[PDB]
Amino acid sequence: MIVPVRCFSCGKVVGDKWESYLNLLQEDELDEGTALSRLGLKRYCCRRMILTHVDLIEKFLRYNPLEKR
Amino acid sequence: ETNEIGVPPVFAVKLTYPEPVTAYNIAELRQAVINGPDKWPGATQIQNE
Amino acid sequence: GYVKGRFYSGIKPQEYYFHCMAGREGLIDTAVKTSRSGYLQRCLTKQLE
Amino acid sequence: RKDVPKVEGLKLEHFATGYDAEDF
Amino acid sequence: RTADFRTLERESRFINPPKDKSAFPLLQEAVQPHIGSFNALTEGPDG
Amino acid sequence: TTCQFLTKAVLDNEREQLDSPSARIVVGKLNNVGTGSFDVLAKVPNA
Amino acid sequence: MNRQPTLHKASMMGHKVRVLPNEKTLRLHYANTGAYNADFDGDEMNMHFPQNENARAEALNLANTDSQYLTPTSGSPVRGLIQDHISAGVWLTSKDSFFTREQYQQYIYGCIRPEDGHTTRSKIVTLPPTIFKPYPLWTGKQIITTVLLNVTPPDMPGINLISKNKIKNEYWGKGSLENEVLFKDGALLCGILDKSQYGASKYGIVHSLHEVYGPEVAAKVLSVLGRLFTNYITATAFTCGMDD
Amino acid sequence: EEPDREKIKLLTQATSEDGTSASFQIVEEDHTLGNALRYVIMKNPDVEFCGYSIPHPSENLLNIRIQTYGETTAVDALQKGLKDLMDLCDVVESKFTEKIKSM
Amino acid sequence: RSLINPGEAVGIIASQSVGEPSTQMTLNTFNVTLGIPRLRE
Amino acid sequence: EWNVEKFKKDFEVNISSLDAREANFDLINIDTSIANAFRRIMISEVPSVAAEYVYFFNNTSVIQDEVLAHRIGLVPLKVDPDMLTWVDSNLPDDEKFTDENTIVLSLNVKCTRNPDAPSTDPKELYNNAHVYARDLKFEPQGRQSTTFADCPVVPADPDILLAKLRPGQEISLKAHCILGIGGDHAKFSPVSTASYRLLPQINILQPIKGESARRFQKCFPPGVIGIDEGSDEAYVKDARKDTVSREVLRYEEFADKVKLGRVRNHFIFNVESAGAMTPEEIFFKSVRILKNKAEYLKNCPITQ
Amino acid sequence: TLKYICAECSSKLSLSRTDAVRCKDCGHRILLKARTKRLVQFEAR
Amino acid sequence: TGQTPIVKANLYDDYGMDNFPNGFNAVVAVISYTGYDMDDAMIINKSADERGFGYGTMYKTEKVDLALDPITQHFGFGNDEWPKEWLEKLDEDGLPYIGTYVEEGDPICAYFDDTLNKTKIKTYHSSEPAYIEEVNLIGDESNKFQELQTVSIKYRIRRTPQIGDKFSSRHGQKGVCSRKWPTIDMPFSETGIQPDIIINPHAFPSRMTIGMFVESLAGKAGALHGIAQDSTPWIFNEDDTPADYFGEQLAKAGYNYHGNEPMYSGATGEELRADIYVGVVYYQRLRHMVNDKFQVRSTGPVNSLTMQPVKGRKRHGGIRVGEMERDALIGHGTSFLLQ
Amino acid sequence: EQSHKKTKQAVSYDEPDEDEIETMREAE
Ligand SMILES: [Zn+2]
Ligand SMILES: [Zn+2]
């Protein structure tokens, strides 16, 4: 669904780094690796957390029984 | 132990043994009676003579 | 069907398909085995109890 | 048979606890 | 240089469901014997 | 064939001596094997 | 304890109740895996609680686990340690395994607790070190000698057994006798301990102990070894990788 | 004021007649205090044997066995162990405060 | 001291000693009748 | 012979880097049993403040109540403990929660539509679409609403995404933040990771000077192996910078000419904070917990 | 404030007894029961 | 919490499997440490589970139809008759409040039938408690005479990973959760990471799942450098080994070539004998909850004819002691246990 | 198939519904 709060392995907050990661890939045009480094993710456990995140919430939200069309 | 079984506390509070009250075990059973059926080691019931 | 390849280095597609054959062959035998020791033991125990 | 292509410009991305990527 | 995962491409498609030809034609090619079979019940030559 | 063996028993006017493990279980008697292969008697001092 | 199908009387044994807090499943030791033919792949077991002393005495002296060490089919053992414990033993009883006074005494109390009635001397007896000078050091095999010295009766003499290992001498280098399992007056003096010694294998150390000291002692040795190797695998882990 | 009696308990089923050997049982404790306490108790020249054992992970218990030579009870060896661990922590706390200022 | 105790159910033990290991011979041949079919005969 | 004063003579501390969030310090000539004790306490026993009871009034979002409640609990709050007392579990809820035992955080967000030219941005297309940790408004109640005047309750990381919404959806809740330990739940662990690594030891058995010295230098990270000249042997400049990859041992020319060990006495601790307490405060409290644990057993009756 | 959301047009329209189970704005026969303001206690675990 | 695999075949994207994630990328250490992991049992990290690792939910839908031609049962509450505190679960319409917690025995809906002239309720009954996710009223199969009789209620049952739940890698290595081991008691890496999942090394020699071994060093290499690796079959050769390929990648990143890591014990704190094999493996949580048939009976109900414990787990039923167990009790010569 | 055997508390020994039933299809 949404970006998890804290890394499953150690507990380093990862939830504030999702939207910032896409901005480093889009606007900054950086590679996956360097973008994660600039966010402050050096442990491979914290690295995979954001890198491997799907974000199905954006797909899920497109079905809204409260708004017409 | 290799001769033991790990019993969940769920089973321990339901499975009871009819222990006859005597002078040698009056102390042990009095506590069980006070503890009741939800506190282990307790007692669910008491059978009169 | 002689596989020169190992699981560390990997197995070629021809070897893979042949390994799939031999691997399944055992599971097929476990599906076609009507013989059971249930009734055989039940007949002995009732006469020897 | 063509070999599996290696990844371009692979650098060190793991160091000691209190040591950053200051060493080049 | 690698056989990478589409991250930017994925998230954009999640927000924007295509209005043209659907992505992943192989997924529609998987149900091709089912849909095609029922399609031939009315459509095609000889009615 | 419970009813068949029962019929044969009745017609024979048979007495089930209750000496088989099965028969003892049917009538709620202690099995004659192992701990049931003997009797326990208490030694009493007063005449 | 019952694990269906009950194909033989060893699949219905008498166990000692140990109420474990915050548990939702029946906990069972690895030594029981064989007799029940139960694998922890989501298996189910039935627990029966007999309601009288005659039924109690029977489940504690006749149908109890310890009296089911040997199956009546071939008179061979169906009780022993299964995986981590076997790999732990090959490492612990290896010549290269040395231990300091602090380490050695810890491994002893880790598996032998006098308060739980594991001892036979009411005081944990300890062997002198195998290395005196420069530093006092105990060998791995000495831990096995100490465990037996505290679980076997003091009135009886030590076990004498000349057995063999699954691991050939060639693997341990030149001129090693590490395949020959040697027990002289209850002391492991030569050879490591395999699946062939504390597994469900005939004429091993546990079976030899079972014949000389009885089923209760053999059961104590199995539980003691089972704890020792669990504690040893916690302090000194075992792994498998690509390098292997 | 009331002192807690459920924490430290002397297992009389294992205590030496007198007075060197005893097994103690502490509730709500594990490796954290356990390994640290047996380390400090082992530094005592009068302690013959010492180790710690956790009966089972599910039950909140910690067992520590202290076997000493003469002229000192196991209770005294435990009391010395706790008294020394407190002083050891003071040393750690003092040195850390000093190096923070030294920076 | 190795003698069988009077009362021992050697009957059940025998059938269990023939039954339980005959589960290990449920697998097919790798001329004469073998395994469970021969035991049934 | 070991004395507590003899320990003071050899025990050393070395601070490499002390940032506002993470501190990298060393504990020299101390036992594994004591270093591991502090490590265990810093993760499990050092008390911290995190949301525990989320009271929902409405949740029309895609994110389930349980999931949304769990996320709020995981969000670290920049709240210093000691300001809060420990909650008692036996007395009922009306007596349980007080101004001294509980901190309240409210979340009230309603999504609507906005007119903009259309891929279009969610911040442009909808209003209050993304719910962040900064949207958890602090509500001070009772006897003390002046104690947190110069200390407002704000999440350590505010830009944490809590929920995503579309117009019509709403979130209305009252979260009760309480004092708890890391052993109970990972949400209460005040540390992001408190771990130590032993000082790597490189025992050079042979001089191995020349071009082999330059080959040996490449086996370890840049700032580890230093070479004087072509001769003057090959020394270890900073064995602390070593990653312990054992790369030197997988070469026939060095496999027997070098040994890779450790300094059992030397510990390199790395403590990062969630945001509530400073990494020093977390370590100090860990030493204070170990001392108090030994002190509580000292002044205690040995029953039976 | 009583609520019932339409499944098709998503219009929030509630209807009482002796009334057709259909949306007023459009002819749809399925109605979603909306969430009202009510306390639901949860543990942040 | 669905996650995209680091180690994957490129056909995963060709079928757009990212639209439906089937697992999560976990730090898996091939280690025998806890003692609770052995052959069919694996260990999950407590602090990982506490952080929402492998969390799942289960949705169940029920149809409450009033059919069993004149309408008798009506959704809502009847006047003059009202049993105590029912308004806590159901709204004025007789339908439940969407979001409400329900246990077995709680009212899931309310109605009134004129034949009995009493206000009755349809009870919710299941061992697992739930929350109401969706309530839909359907009044179809009528032209002008419209009135509701059919209602569809969806239950949300939260399912945290429990001791007994099965977990498996993409290499056919399934194991039940033996225990949820605490992070302090868990082995900690040189990096300061403790594994999310612990697999026992004694699983691999019999299964021969080397694909998982190469997946471990590939997943680790891809997590560090930030690049997905192709694990499509027959891509690699005997000359071009993946163990050498990702081994070179692991060495370049600053880790051990053979995929090992120097780990320390969580209990003693000392460094373990040898470097432990750790990596990133894509794990899958199997849907089955194995302890569904968990029961206990002291003295429950009995059948009238036999006067023996009645069959039924939820009904406080008895465990059957069959002919085989009878045979076993005769076997031990244990006549009082049989009695 | 094994998920069902996992919960079923057996009445007796397996069952002869296989080849045994066709062998038992012969009178004396
Ligand atoms: Zn992490
Ligand atoms: Zn409508």
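Residues numbered from 1 in each chain as written, not as in the entry; some residues may be left out. Chains lettered and ligands numbered in written order. Part of a larger assembly, values for the part shown. Heavy atoms only, no water. Residues with missing side-chain atoms left out of burial classes, pairs and counts.

Going by the header, the method for this PDB entry is X-ray crystallography, and the resolution given is 3.27 Å.

Draft legend 1. Looking closely at the overall build of chain L. When you go through chain L residue by residue, the secondary structure sums to seven helices and 18 strands. Whereas a compact globule of 339 residues would reach a radius of gyration of roughly 20 Å, chain L reaches 28 Å, over 25% beyond that. In terms of its C-alpha atoms, chain L occupies a principal-axis envelope of roughly 80 × 70 × 40 Å. (Helix = DSSP H or I, 4+ residues; strand = E, 2+ residues; numbered from the N terminus. Rg over C-alpha atoms; globule rule 2.2 N^0.38 Å.)

Draft legend 2. Representation of empty space enclosed by the protein in the model. Residue and element names in this part refer to chain L. There is about 90 Å³ of room inside the largest cavity. In terms of lining, the largest cavity is formed by 13 residues, of which the most central are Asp-39, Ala-41, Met-42, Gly-175 and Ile-199. Taken together, the elements giving at least two residues each to the lining of the largest cavity come down to strand 3 (41-45) and strand 12 (174-181). Here the residues of the lining of the largest cavity are counted per class, giving six nonpolar, three polar and four charged. (1 Å grid on protein atoms, 1.4 Å probe; cavity = no way out; pocket = protein on both sides within 12 Å on 5 of 7 lines; lining within 4 Å. Points joined across faces, edges and corners; volume = space filled by probe spheres on them. Nonpolar A, V, L, I, M, F, W, Y, C, P; charged D, E, K, R; others polar.)

Draft legend 3. Summary view of a nonpolar patch on the surface. Residues and elements named next belong to chain C. Taken together, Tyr-17, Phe-18 and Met-21 make up a surface patch of nonpolar side chains, about 350 Å² in accessible area. Along the chain, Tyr-17 turns up in helix 1 (residues 13-31). Exposure remark for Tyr-17: the relative accessible area of 58% places this residue in the exposed category. (Patch = residues over 30% accessible without salt bridge, like charges linked within 9 Å, V, L, I, M, F, W, Y side chains within 5 Å. Areas by Shrake-Rupley, 256 points an atom, 1.4 Å probe, with all protein chains shown as cover. Salt bridge = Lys/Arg side-chain N within 4 Å of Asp/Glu carboxyl O. Buried < 20%, exposed > 50% of the residue type's maximum accessible area, 1.4 Å probe, protein only.)

Draft legend 4. Local environment of the coordination of the zinc ion (ligand 1). Residue and element names in this part refer to chain A. Within the first shell, the zinc ion (ligand 1) binds the protein through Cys-7 (SG), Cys-10 (SG), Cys-45 (SG) and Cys-46 (SG), at distances of 2.2 to 2.6 Å. Note that the zinc ion (ligand 1) binds four donor atoms; their angles at the metal cover 88 to 117 degrees, and the shape is tetrahedral. Mapping the donors of the zinc ion (ligand 1) onto the primary sequence gives the spacing C-x2-C-x34-C-C. In this pair, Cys-10 sits in the segment before helix 1 (18-26) while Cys-46 sits in helix 3 (residues 44-51), placing the two residues 36 residues apart along the sequence. The class for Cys-46 is buried, based on a relative accessible area of 1%. (Donors = N, O, S within 2.8 Å, 3.2 Å for Na, K, Ca; no water. Tetrahedral: all angles 85-135°; square planar, octahedral: opposite > 155°, others 65-115°.)

Draft legend 5. Region of the structure containing the pairing of strand 2 (residues 22-28) of chain J. Residues and elements named next belong to chain J. When you tally the buried positions in strand 2, you get six out of seven residues, the bulk of the element. Looking at chain direction, strand 1 (residues 12-18) and strand 2 are connected through six bridges and run antiparallel. Following the sheet pairing, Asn-14 is matched in strand 2 by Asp-26. Here strand 2 runs beside strand 14 (residues 258-273); their pairing, made up of six bridges, is antiparallel. Note on strand 14: the bridge partner recorded for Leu-27 is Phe-267. (Pairing = 2+ DSSP bridges.)

Draft legend 6. Up close: the packing of helix 2 (residues 38-48) of chain C against helix 1 (residues 10-19) of chain I. Where helix 2 of chain C meets helix 1 of chain I, the axes come as close as 8 Å, and the angle between the chain directions of the two elements is 170 degrees. Between helix 2 of chain C and helix 1 of chain I, the angle falls in the class roughly antiparallel. Along its contact with helix 2 of chain C, which presents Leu40(C), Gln41(C), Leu44(C), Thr45(C) and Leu48(C), the element helix 1 of chain I presents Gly11(I), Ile12(I), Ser15(I), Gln16(I), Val18(I) and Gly19(I). Along the lines of polarity and charge, the residues of the contact of helix 2 of chain C with helix 1 of chain I split into five nonpolar, six polar and no charged. (Axes fitted to C-alpha atoms, helices over the stretch in contact; angles between N-to-C directions. Parallel < 35°, antiparallel > 145°, perpendicular 65-115°, else oblique. Contact = heavy atoms within 4.5 Å.)

Draft legend 7. Region of interest: the packing of helix 2 (residues 74-102) of chain H against helix 7 (residues 279-298) of chain J. Direction vectors running N to C along helix 2 of chain H and helix 7 of chain J enclose 160 degrees, while the axes themselves pass 8 Å from each other. The angle between helix 2 of chain H and helix 7 of chain J falls in the class roughly antiparallel. In terms of crossing hand, the pair formed by helix 2 of chain H and helix 7 of chain J is left-handed. Across from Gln79(H), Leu82(H), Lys83(H), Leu85(H), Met86(H), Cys89(H), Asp90(H), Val92(H), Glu93(H), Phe96(H), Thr97(H) and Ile100(H) in helix 2 of chain H, the residues of helix 7 of chain J making contact are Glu280(J), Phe283(J), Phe284(J), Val287(J), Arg288(J), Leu290(J), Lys291(J), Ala294(J), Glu295(J), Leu297(J) and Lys298(J). Tallied by class, the residues present in the contact of helix 2 of chain H with helix 7 of chain J amount to 13 nonpolar, two polar and eight charged. (Left-handed = near helix turned anticlockwise from the far one by under 90°.)

Draft legend 8. Molecular detail of the nonpolar core. Ranked by internal contacts, the top residues of the largest apolar core, which has 125 residues, are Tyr21(A), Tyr44(A), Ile72(J), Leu173(J), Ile197(L) and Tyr283(L). Ranked by residue count, the leading element in this core is helix 4 (residues 210-225) of chain L, at eight residues. Each residue touching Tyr283(L), except ones within four places of it in the same chain, is listed here: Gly23(L), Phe24(L), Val28(L), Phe167(L), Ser168(L), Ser169(L), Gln173(L), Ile197(L), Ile199(L) and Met212(L). In this structure, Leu37(H), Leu62(H), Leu85(H) and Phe284(J) belong to the second largest nonpolar core, which totals 66 residues. (Core = buried A, V, L, I, M, F, W, Y, C linked by side-chain atoms within 4.5 Å.)

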